[PDB]
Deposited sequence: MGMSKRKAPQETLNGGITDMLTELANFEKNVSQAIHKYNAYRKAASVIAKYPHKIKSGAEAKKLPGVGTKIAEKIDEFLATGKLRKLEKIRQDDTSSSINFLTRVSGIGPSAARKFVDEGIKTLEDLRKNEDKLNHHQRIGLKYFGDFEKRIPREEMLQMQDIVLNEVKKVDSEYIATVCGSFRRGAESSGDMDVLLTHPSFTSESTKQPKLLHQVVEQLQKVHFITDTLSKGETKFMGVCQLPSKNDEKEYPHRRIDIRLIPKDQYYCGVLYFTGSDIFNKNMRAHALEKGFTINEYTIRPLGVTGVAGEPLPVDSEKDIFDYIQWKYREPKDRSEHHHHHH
């Protein structure tokens, strides 16, 4: 599955410059679509024309592939990689909270590196400071073992605040994956429905700060919390990395739609979405009509009440 990796690296490299430097998000997704269709292609590509056959690979990406195969490089990438301005803008967006627009502004003012960021705490907002502070940790994957320990803590403390909460760690983790990029937790409580927040999210966040699991807050409102956490390590062991954790308060009757959605995979979702006359979003499933007019959303008490309706487990996905 690494058979066109040079081609795939190139395309992802091009993708990020469109996103972070050119600010062309559709070009970004075009290069990424092209990269992943190629990454799944079971042969070593020999020509751009061979690749052009795949959906998401067009004439310009096929030309690029021909230049890359003939020379092992792309003049445009070589060039843009040398460029002080653009390289810097690209790199700074790796800090969580620095998007393409903040990156450009910093580089305009001569702030180009992490050091530069450090020397100017004042010019960054809260999220950006936390992303700087944990820059290295956030780029690390989380082994399954550590996620299990993190899960242990979350369920214990959620249940302790109130035994009637229901919390589920979603993401790749729930799919059995050997590692994860962060922790996505979905939270509900029987007294929170589509027509209902009484500090339900807040008092959970607070409990996990109280036992020193949550260490920082990127953002926090009534339904979505974004922050940082860390496992305790014993007296004379090296610290675990700081880790990203999100917690979502969803109403009881949308939980399982939410669960499914944040369970992923992104691939299987977009897939089963289009796959019959039903439409699905993170919240609900609605039946259509003639034009395609969504009727009222259907009740749900489980994940598998949804595997009724298209005639369609997380292990697989």
Deposited positions without coordinates, collected into consecutive stretches in sequence order: 1-10, 207-208, 288-290, 328-330, 336-343
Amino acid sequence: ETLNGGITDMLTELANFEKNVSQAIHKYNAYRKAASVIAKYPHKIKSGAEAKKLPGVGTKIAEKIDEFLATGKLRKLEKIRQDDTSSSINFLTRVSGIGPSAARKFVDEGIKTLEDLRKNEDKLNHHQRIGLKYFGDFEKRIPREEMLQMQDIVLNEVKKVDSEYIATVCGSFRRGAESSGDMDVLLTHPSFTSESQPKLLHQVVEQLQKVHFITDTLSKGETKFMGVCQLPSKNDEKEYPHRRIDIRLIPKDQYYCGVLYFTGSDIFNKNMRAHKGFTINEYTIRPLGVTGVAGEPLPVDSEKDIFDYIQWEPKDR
From here on, numbers count along this sequence of modelled residues.
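C-alpha atoms forming the largest set that superposes within 1.5 Å between two forms make up the rigid core.
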Find the stretch among 60-68 and 24-32 with the larger RMS C-alpha deviation in 7 other deposited structures of this protein, all structures being superposed on the shown form by the rigid core. 60-68
Outlying stretch relative to shown form, 280-288 versus 244-252 in 7 other deposited structures of this protein, C-alpha RMS (core): 280-288
Establish whether the other compared PDB entries of this protein leave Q197 unmodelled at least a third of the time. yes
Would you tell me which stretch averages the higher CA B-factor in the PDB entry, 59-67 or 281-289? 281-289
Averaging the C-alpha B factors as listed in the entry, name the stretch that ends up higher: 207-215 or 68-76. 68-76
If you compare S194, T188, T168, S87, which has the highest Cα B-factor in the entry? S194
Per the coordinate record, which of the options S36, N271, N29, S47 holds the highest CA temperature factor? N271
Comparing against every modelled residue in the chain, figure out the third that the C-alpha B-factor of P198 lands in (lowest, middle or highest). highest
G131's Cα B-factor: lowest, middle or highest third of the chain? lowest
Using the temperature factors of the C-alpha atoms in this entry, rank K224 within its chain: lowest, middle or highest third. lowest
Quick tally, chain-level thirds of C-alpha B-factors: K123 sits in the middle
Lowest, middle or highest third of the chain for the C-alpha temperature factor of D184? middle
